[PDB]
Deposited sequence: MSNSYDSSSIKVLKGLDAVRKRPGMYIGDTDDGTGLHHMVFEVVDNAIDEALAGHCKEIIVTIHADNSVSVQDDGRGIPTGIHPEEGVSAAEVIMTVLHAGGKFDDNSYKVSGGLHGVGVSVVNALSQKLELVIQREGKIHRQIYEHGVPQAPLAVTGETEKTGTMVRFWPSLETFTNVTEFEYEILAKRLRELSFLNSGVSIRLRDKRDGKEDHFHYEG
């Protein structure tokens, strides 16, 4: 309705002044902050007792993905906005927030494994191609977000550096005692694993 309007309004505002939300867009700090934001979302689910392992993969097409084995974002339709709760999370300001990463991603794939099913939604610059759809069956739970940073927004440093993710992810495992985080670089086979048990 007009909610499709306000979503676009907020998305506009983020793409207009990206540094204000994500960090400096010209020296790689914001670019990498895109990842830690998605990861911080998964860490929350781990701090609530539902996530154990987080898997961050740097893909060959210069996208990153974050996988967890938590509950899966709720997939039920929201009363105020008439779309899945998941889509509200990914698109509404203050639902930072992941919506910022979505708004500043040329493309974003969401995959949720929940109550026996696998749901999927693709976004372009924060805009869904379609409503969250059920794609298939599954016996595991979790959320997977894969994003391709918007090349309009990020300048100079537009490729992820393994060592920056590696350092910060170790730190984040230490800051949230008990979480396991794995980092895979599919470009050259680099791999690492972080976990501080208390």
query	finding
Regions left out of the model, expressed as runs of the deposited sequence counted from 1	1-5, 101-117
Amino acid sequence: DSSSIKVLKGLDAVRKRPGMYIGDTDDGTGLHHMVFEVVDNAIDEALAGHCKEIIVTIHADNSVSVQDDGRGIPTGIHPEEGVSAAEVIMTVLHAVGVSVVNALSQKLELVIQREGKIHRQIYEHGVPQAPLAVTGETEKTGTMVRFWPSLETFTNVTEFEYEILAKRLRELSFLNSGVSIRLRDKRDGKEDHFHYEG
From here on, numbers count along this sequence of modelled residues.
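Here the rigid core means the biggest group of C-alpha atoms that line up within 1.5 Å when the two forms are laid on top of each other.
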item	value
Greater Cα displacement in 5 other deposited structures of this protein once the core is superposed, comparing 71-79 with 109-117	71-79
Coordinates lacking for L104, a third or more of other entries	no
Unmodelled in at least a third of other entries of this protein, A95	yes
Stretch with the greater mean C-alpha B-factor as recorded in the entry, comparing 131-139 against 53-61	131-139
Comparing 152-160 with 42-50, the one whose average Cα B-factor in the PDB entry is higher	42-50
Maximum C-alpha temperature factor, selected from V83, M90, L110, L104	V83
Chain third (lowest, middle, highest) by recorded CA B-factor, residue given as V98	middle
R184 - Cα temperature factor, lowest/middle/highest third of chain	lowest
